[PDB]
Structure formats: structure tokens, C-alpha cells
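J.: need a 3D model of the following:
(chains A, B and C, ligands or ions: 2)
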Amino acid sequence: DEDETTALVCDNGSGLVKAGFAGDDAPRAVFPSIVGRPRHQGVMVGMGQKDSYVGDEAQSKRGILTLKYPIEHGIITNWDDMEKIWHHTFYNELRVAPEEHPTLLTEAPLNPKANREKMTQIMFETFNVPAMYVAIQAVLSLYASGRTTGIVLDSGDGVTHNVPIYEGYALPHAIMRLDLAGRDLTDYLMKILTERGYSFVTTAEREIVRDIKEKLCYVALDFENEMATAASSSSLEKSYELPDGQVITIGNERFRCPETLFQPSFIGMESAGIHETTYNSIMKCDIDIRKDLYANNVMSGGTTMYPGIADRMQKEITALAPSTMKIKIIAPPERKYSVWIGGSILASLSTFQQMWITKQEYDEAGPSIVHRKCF
Amino acid sequence: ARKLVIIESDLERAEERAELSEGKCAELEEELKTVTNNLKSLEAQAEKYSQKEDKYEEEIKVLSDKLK
Amino acid sequence: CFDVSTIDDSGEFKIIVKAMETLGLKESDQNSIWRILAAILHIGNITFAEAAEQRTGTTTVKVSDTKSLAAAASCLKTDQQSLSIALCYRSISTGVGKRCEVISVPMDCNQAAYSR
Ligand SMILES: Nc1ncnc2c1ncn2[C@@H]1O[C@H](COP(=O)(O)OP(=O)(O)O)[C@@H](O)[C@H]1O
Ligand SMILES: [Ca+2]
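T.: Numbering: from 1, shown residues only, chains lettered A, B, ... in the order given. Ligands and ions are numbered 1, 2, ... in the order given. Sure, structure below:
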């Protein structure tokens, strides 16, 4: 546009595909990372079904679709279907050719080595990308919120990651990975829903569970005191008319499921709560470096949007943590797009040149170019 | 005689959708008044809660100074 | 600093009027333009004070000198409060259609004075 040339920003997860044009502050066309076929055989003739039904077109009509998700936190059940997800991204919504503008993707911390080389194969050899990089999830948001000294816990629907990044990344481990977010809460509901004459059976309607979840479901401050309150039918049940037509008086259902977050013992996992793992990462660093970590805590992700998420942390942490200085948690009121706001940062930096992979660089160091320069 | 039936039938359709619409519209109009009243009521309570927690903000502050 | 001995204030104004009238800016048009400038002055004179909304040491932004921020919305003739709901607080949604403004973020002081 008579400014520069070849530039773009992108970001994908287990919820939405955040992307936009060149030099933007916020996304432009986010869409669900879904994709399925036809369990209904799509009037076979009222088109040769194909196109699994990805994008707004897919999210619009769920019934015909057997929504089979490709990338469940880390593991990619299949790469063949990924081919026609990015074919919908750059060409339909972004309206730009990938054989021109760079690309800034996100990296699920500690992702299988074999996956990186496989992805690069899809871009460089097929979609011809002469410049691109895959930054590491959390570290991005750090520079956006305006923090240089804090501990980041960025996670939404993908995977939980405790990234203590306030003066260095890639160093002692002090990081954790937990497959317990988003889809885990989306699949657990139908189970407990059975006791209330409800059952979102198939995957298509399972996706709706998440929709209603993010508009009412809240977290209990103390399950004990709210157990006796159950008698008082006022703060619990609330009339929610299902778009089709079937009221669901969610009440105790709201604060029962989220309890699993702090208590992973409800789904057969010894994984400690997100406030225990926090200790595990802090106890590794030096002794004279905790007082500043407690001062500011970066809690990001769409998972940190439900009522009663930050106040609970300040109750459990103080217990098994030093009690002398003040403790404050920085949870950006809109901390979901924290990664994208940070993506816009690195997207406009020139120092970033010493990170991405140039067309020729791949052929000069084989497929291992990724893990030979990056880390 | 047949044309009469066509128009007479339309009268039944018109009368049916009229009484049905007006019936629900009246019910809706009455409901709005109840919801509007609840809005005004809740808004009033929220105002009292807002001014109260603000009074605690200046109270917890002055107490912190005296404690220091 | 305001009053200066070197430059005459009252003597220049009448000369400025001549310059505007000579070119093609009659008083009728001048007044119509001053409203636009005067509006900015109202939205200018507002360096908000400390907003004790946070807990520890940090803070956000809130109006204490209301009549000043009110003047900003006075020329606009809109809900003084609603005005600050969209500015001091950054609202973003987007996706599918295009954006829906209401839910927002109380930004820090640096970004606050920045937007100011
Ligand atoms: N205000 C909100 N309240 C509750 N859930 C929200 C809110 N905003 C976004 N979400 C949800 O957060 C999820 C996306 O979070 P995100 O951190 O981007 O996930 P991921 O990185 O795993 O793709 C989606 O399930 C979305 O519905
Ligand atoms: Ca992710």
C-alpha cells in the first residue's frame, strides 16, 4: 500500500485462528479451527460433499458435520486434513498469497521434534514461504502487557504452560505442560449432564457446550459454604432458553465442573493444581528472586475470564508461599488476545530477522535447519 | 362461490395470525415493563454496592497509614 | 508564562481578523470554526488524577475534576460517563462479522496518558 512490502500476522490454537493483515493491533478474521465431513452424505449431488465444512460455513451448520478436531493439545491426530485448513486461511479470509508475505505462527511449548520438520515441509516445499518463524506461545504476551520482570501462565483451550519468563527463556526447566483445558471441560459436561435428563451426545453439539459455558458458568470460592446455599434457589438456577427450545436451569452445574481445574483428582490425574505447579517452578530458581515474582503475576488466556479466577489464586498461593511482601496478580481484563498483541510486536521488529528462516537457509542446512538455528 | 372461499379462508388466516400476534405482543409488552423495573432495581443496587466498595477503598487506605 | 512585554496581544487579534476577512473568512464563518476549536479545548483540559481502583501501588484512571471532563462531553452533548467507558477502557471483540463494543480493559497509566 505504498508503505512497505510483504507482511502479515497470524496465530492459531484450540479455539480460534487469530489472524489479520499487515501491521495490525488486533485480529481481523478469527474462525474456529474445526473440520469435518458428512455423517448425512450431503445430498451427495447437492454438491460432491468434500470441503469437510471448515470456517464460518462450518460453524454455521453443525448438524451435517461430524466435527473431528485435528490438533488436540500437542498431538495431531492427522496432518492430511490440515492441508485444507490453511488453504482456507490465506486465500479466503486473509485474501493474500502465501508466496509473498511472511508468516508468524505460534509454537506449543515442547512440541515433538518430528512435527516442526513436517510443518516446514508444507510451507516451503508446497506453499513456498521465503520467510517465516514459529515463536513460543507465552514469551510473546510478555512484551505486550508491558512487563519485563513477571511469571507467565498462558493457556486457554490448548495446553497449560507455566512459563517463568521475567529475565530469561530456555534455561532451567521450571516449566510444565498439562493437557487439561478447553476441550477437557467441553467433554466432561455431557457426562455429569446425564443426571439432569440432558446429554449432548455427539461432537457437533458438544461444541455448543463451550458456547453456553462462557456466558454463565462460574467458579466457587468455597464449595463447603456454597453447599448449604444450594437450598436457597436464588443464586443457583437461572433460566437459559436453548436457541432451539429446551430450557436448562443451570445452577450447581456452574461451579461443579470448574472445580476440576483446581482439583485434577476428579479425572484420574495426579497432576497438581495450577497453584502447586507454580511452586514447583519457583522453588527451582534462586532464593533471592521470589519477592519480585509475587509482586506481579501474568495470568493470560481465555480460561482466565470466568468469574472467580484471580481472587481464588490469592487465597491458595499465600498459604504455601512466603508471607511478608505484597502479592498482586496481573490478569489483563482481556487477557485472551495477549498473545496476538505480542504477536503484533515481534511482527514489526527488525531484530526478528535473526530468528526466522529464509528460503535458501532451508536448502543449505537440510530439514534440520529449524533445530539447528532456533531453540 | 369458490372465490368467496379463497378470500374467506384468507380471513381465517388473517384473523388467526392477528389474535396470536396481539396476544403475544401484549404479553411481551407487559413483560418488558417487569424486566425494565428489574433493570432499574438492579442498577440501583449496583450503584449502592459501587459507592460502598469505594468507601472501603479509602477506608482500607487510611487504616494502612495509621498501621504503618 | 502568558503575558509578554515584547508582543502585543490585543493589537494582533484585530490584525488576524483582517487576514481572515481579506482572504475569505467572514465572522459568520469564524464563529462556526471557533466552536470546533473550542470543543478541542474542552477535551484538552483534562489531565486525569490518580484513580484508587487497584490494590497495591499501581492504579488506573478516573475523573476527579468532573466539570473539566464534563466540558469535553458538553460540546458533544453525550452521557459523560458512557464517553469514558469506551476511551479509557479498550474494548475489542471482532470475529466473523466485525467487532462489538462494550467489554473493555482498564489500561495502565502509561497507556492511559498515551491515549490521552
Ligand atoms: N470472555 C470470555 N469468557 C469465557 N471464555 C472466553 C472468553 N473469551 C474467550 N473465551 C474462550 O477462550 C477460548 C480461546 O482461548 P485461547 O487462550 O485463545 O485458546 P487456545 O490458545 O487454546 O487456542 C475459546 O474457547 C473461547 O470461547
Ligand atoms: Ca495454543
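J.: which residues of the stretch 101-250 of chain A fall in strands?
T.: Here the stretch 101-250 of chain A has its strands, by DSSP state E, counting those that start in this stretch, at A:103-107, A:131-136, A:151-154, A:160-161, A:177-178.
J.: quick one: closest of those to chain C.
T.: Among those, the nearest to chain C by C-beta to the nearest C-beta is strand A:151-154 (16.4 Å). Quick note: C-beta positions are derived from backbone N, CA and C, even for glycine.
J.: how would you label whichever residue of chain B sits closest to chain A: helix, strand or coil?
T.: In chain B, the residue that lies nearest chain A is residue B:64 (10.7 Å; C-beta to the nearest C-beta). Secondary structure for residue B:64, judged by DSSP: H, G, I helix; E, B strand; the rest coil, is helix.
J.: neighbours around residue A:223, how many?
T.: 13 (other C-beta atoms under 10 Å in any protein chain shown).
J.: what about the nearest residue to it once chain neighbours are set aside, neighbour count?
T.: Distance criterion C-beta to C-beta, 6 or more residues apart in numbering or on different chains; nearest residue to residue A:223, sequence neighbours excluded, is residue A:259 at 6.4 Å. Residue A:259 has 12 neighbouring residues, counting by other C-beta under 10 Å.
J.: how close does residue A:259 sit to ligand 1?
T.: Using C-beta to the nearest ligand atom, to the nearest Å, residue A:259 is found at 17 Å from ligand 1.
J.: which SS state does the residue in chain A sticking out farthest from the centre fall under?
T.: In terms of distance from the mean C-alpha position of chain A, residue A:45 ranks first, at 37.8 Å (C-alpha atoms, centre = their mean). What three-state DSSP gives for residue A:45 is coil.
J.: which one of the strands of the stretch 101-250 of chain A lies nearest to residue B:57?
T.: For the strands of the stretch 101-250 of chain A, proximity to residue B:57 was assessed by C-beta to C-beta; strand A:151-154 is nearest, at 27.0 Å.
J.: and that closest one, what other elements does it pack with?
T.: Secondary-structure packing of strand A:151-154 (3 or more C-beta pairs under 8 Å, 6 or more residues apart in numbering or on different chains; DSSP states H and E): helix A:137-145, strand A:160-161, helix A:276-282, strand A:297-300.
J.: in chain C, which residue is most central in space?
T.: residue C:43 (1.8 Å).
J.: now it. Nearest residue, chain neighbours left out?
T.: Excluding its sequence neighbours, the residue lying closest to residue C:43 (C-beta to C-beta, 6+ apart) is residue C:72, at 4.1 Å.
J.: quick one: which helix or strand includes the one you found?
T.: Using DSSP states H and E, residue C:72 sits within helix C:66-74.
J.: before we move on, back to that, could you check how far the residue nearest to the centre of chain C is from residue C:76?
T.: Separation of residue C:43 from residue C:76 (C-beta to C-beta, to the nearest Å): 8 Å.
J.: hey, C-alpha coordinates of stretch A:198-212 in CSV?
T.: The C-alpha coordinates for stretch A:198-212 follow below in CSV (Å, rounded to 0.1, in the frame of the first residue of the first chain):
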residue,chain,number,x,y,z
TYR,A,198,-29.6,-33.9,29.4
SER,A,199,-27.0,-35.4,27.2
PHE,A,200,-25.1,-33.6,24.4
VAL,A,201,-24.2,-36.9,22.8
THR,A,202,-22.2,-36.3,19.5
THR,A,203,-19.3,-34.0,18.9
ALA,A,204,-21.3,-31.5,16.8
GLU,A,205,-23.5,-30.3,19.7
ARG,A,206,-20.6,-30.8,22.1
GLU,A,207,-19.1,-27.6,20.7
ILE,A,208,-22.1,-25.7,21.9
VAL,A,209,-21.4,-26.7,25.5
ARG,A,210,-18.4,-24.4,25.3
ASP,A,211,-20.6,-21.6,23.9
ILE,A,212,-23.0,-21.5,26.8
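J.: that stretch and chain C in contact?
T.: No - Stretch A:198-212 lies apart from chain C when judged by C-beta under 8 Å from any C-beta of the partner chain; the minimum separation is 13.0 Å.
J.: any buried residues in that stretch, and which?
T.: For stretch A:198-212, the neighbour count (16 or more other C-beta atoms under 10 Å in any protein chain shown) marks A:200, A:203, A:204, A:206, A:207, A:209, A:210 as buried.
J.: likewise for stretch A:155-170?
T.: Neighbour-count burial for stretch A:155-170 flags A:155, A:156, A:157, A:158, A:159, A:160, A:161, A:162, A:163, A:164, A:165, A:166 (criterion: 16+ other C-beta under 10 Å).
J.: mind listing what the fourth one touches?
T.: The reference is to residue A:158. Applying C-beta atoms under 8 Å, 6 or more residues apart in numbering or on different chains, one finds that residue A:158 lies in contact with A:13, A:14, A:15, A:73, A:108, A:181, A:182.
J.: give me the three-state assignment for residue A:294.
T.: helix.
J.: and the residue nearest to it when sequence neighbours are not counted, how close does it get to ligand 2?
T.: Closest residue to residue A:294 in three dimensions, ignoring its sequence neighbours and counting by C-beta to C-beta, 6+ apart: residue A:327, at 4.4 Å. For residue A:327, the distance to ligand 2 equals 28 Å [C-beta to the ion, to the nearest Å].
J.: surely residue A:327 meets residue A:314?
T.: Yes - Residue A:327 is within contact range of residue A:314, at 6.5 Å (criterion: C-beta atoms under 8 Å).
J.: so for these two, which residue has more residues nearby?
T.: Neighbours per residue, other C-beta under 10 Å: of residue A:327 and residue A:314, the larger number sits with residue A:327, 20 against 14.
J.: pull the contacting residues for that one.
T.: Counting by C-beta under 8 Å, 6+ apart, residue A:327 touches A:294, A:295, A:297, A:314, A:317, A:318, A:321.
J.: excluding chain neighbours, what is closest to the second one?
T.: By that I understand residue A:295. Residue A:295's closest residue in space is residue A:328 (C-beta to C-beta, 6+ apart), at 6.2 Å.
J.: looking at the strands of the stretch 101-250 of chain A, which is nearest to residue C:96?
T.: strand A:103-107 (21.1 Å).
J.: that closest one packs against which elements?
T.: Strand A:103-107 is packed against strand A:9-12, strand A:131-136, helix A:137-145, helix A:338-347, with contacts defined by 3+ C-beta pairs under 8 Å, 6+ apart.
J.: on that earlier part again, the residue nearest to the centre of chain C in helix, strand or coil?
T.: Per three-state DSSP, residue C:43 ends up helix.
J.: need the residue in chain C that's farthest from the chain's center.
T.: residue C:96 (33.2 Å).
J.: residue A:140 reaches residue A:344, doesn't it?
T.: No - at 9.4 Å, residue A:140 does not count as touching residue A:344 under the criterion of C-beta under 8 Å.
J.: with neighbour numbers in mind, choose between those two.
T.: Neighbour comparison, residue A:140 and residue A:344: the larger count goes to residue A:140, with 26 against 20 (by other C-beta under 10 Å).
J.: ok, the spatially most central residue of chain B to residue A:16 distance?
T.: Residue closest to the average C-alpha location in chain B (C-alpha atoms, centre = their mean): residue B:35, at 2.9 Å. From residue B:35 across to residue A:16, the span is 33 Å (C-beta to C-beta).
J.: now residue A:303
T.: Taking C-beta to C-beta, one finds residue A:303 at 14 Å from residue A:16.
J.: residue C:115 too?
T.: For residue C:115, the distance to residue A:16 - C-beta to C-beta - is 26 Å.
J.: between those two, tell me which one has more neighbours.
T.: Here residue C:115 and residue A:16 are compared on neighbour count by other C-beta under 10 Å; more neighbours surround residue A:16, at 22 against 10.
J.: which non-adjacent residue is nearest the more buried one?
T.: Ranked by C-beta to C-beta, 6+ apart and with sequence neighbours excluded, the top spatial neighbour of residue A:16 is residue A:30, at 4.3 Å.
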